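Taking the form deposited in one PDB entry, here's one chain by itself in structure tokens.
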């Protein structure tokens, strides 16, 4: 959804961001690779210039990536077929601890 909250980074590899329904773990490399691939139409070039796992991203760079993610033609899979993100429904977390959601 267009209303979302960025929670931070995990393992310098995933961006955590949620809307009202799901928490998403977004692979930072695959996301930048998709952004660059849609701009450049060259999988190897897109891959080689993108952030790698284990590179620390600033809060601003994370905001830019997540903003762009929502506008991609394919926000779901990188050019090599790997899913860009894992998601979990918020309700699974809330219901485990016995909270209404």
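Residue numbers count along the first chain shown, from 1. Residues that one form lacks are left out of the comparison. Each form is matched to the other, and the largest set of C-alpha atoms that superpose within 1.5 Å is called the rigid core.
Same protein, other form: the form deposited in another entry, not shown, and the subject of what follows.
In the overlay on the core between this form and the one not shown, a shift of 2 Å or more in CA position is seen for a single residue of 56, 48, 67, 76, which is 48. Panel note: the distance between the CA atoms of residue 56 and residue 44 is larger in the other form than in this form, the difference being 3 Å or more. Relative to this form, in the other form the C-alpha atoms of residue 90 and residue 53 separate from one another by 3 angstroms or more. Residue range 43-53 is the only run of 3 or more whose C-alphas all shift by 2 angstroms or more between this form and the one not shown once the rigid core is superposed.
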